[PDB]
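Have a look at the structure below before the remarks.
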Amino acid sequence: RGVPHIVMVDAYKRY
Amino acid sequence: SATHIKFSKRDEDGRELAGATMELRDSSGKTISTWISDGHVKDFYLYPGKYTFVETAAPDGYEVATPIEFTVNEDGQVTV
């Protein structure tokens with residue numbers, strides 16, 4: 108419990 | 023001592039995303055780890071310092087994300 112979650116989002120290319 | 027953190031590489035729909043080429047660097051430019059995201063959260067244990075998650079390449083069809091800097095404090099608090 109309490110472990111930090113670091114999130115990196117990869118967005119879609121328009122295609 | 024070392025602090026447990028989790029890193030998640032996700033898509034725009036909140037789902038873990040496999041195939042991204044990633045690295046974790048410290049404030050002096052040393053590479054702590056390189057890996058390919060596998061569609062699950064990735065755990066790390068890190069000593070106090072300033073670090074950066076850097077995406078070298080995204081899977082086909084995705085855009086590379088901006089690097090994420092964070093600090094592991096002397097007391098185990100992590101700040102993003």
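In order, the protein sequences belong to chains B and A. Note that the deposited numbering has the first sequence beginning at 108, numbered continuously upward. Note that the deposited numbering has the second sequence beginning at 23, numbered continuously upward. Virtual Cβ for every residue (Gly too), placed ideally from N, Cα, C.
With DSSP as the reference, identify every bridge partner of A/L46, one or two as the case may be.
Its beta-bridge partners are A/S55, A/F75.
DSSP three-state assignment for A/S30, whether helix, strand or coil: Residue state, collapsed to three classes: strand.
**Prompt:** Tell me which same chain residues have a C-beta within less than 6 Å of the C-beta of A/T101, skipping the five on either side of it?
**Reply:** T93
Which residue marks the beginning of the beta strand (DSSP E) containing A/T93, and which one marks its end?
90-94
Margin query: Do A/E77 and A/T53 have their beta-carbon atoms positioned less than 8 Å apart in this structure?
Written below: no
Could you check where the beta strand (DSSP E) with A/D35 kicks off and where it finishes? A/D35 -> no beta strand (DSSP E), and no H or E assigned at all.
Under 9 Å from the C-beta of A/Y69: neighbouring residues of chain B | Under the 9 Å cutoff, chain B gives no residues; its nearest Cβ is about 15 Å from A/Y69.
With distances taken between CB atoms, is the gap from A/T25 to A/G98 smaller than 8 Å?
-> yes
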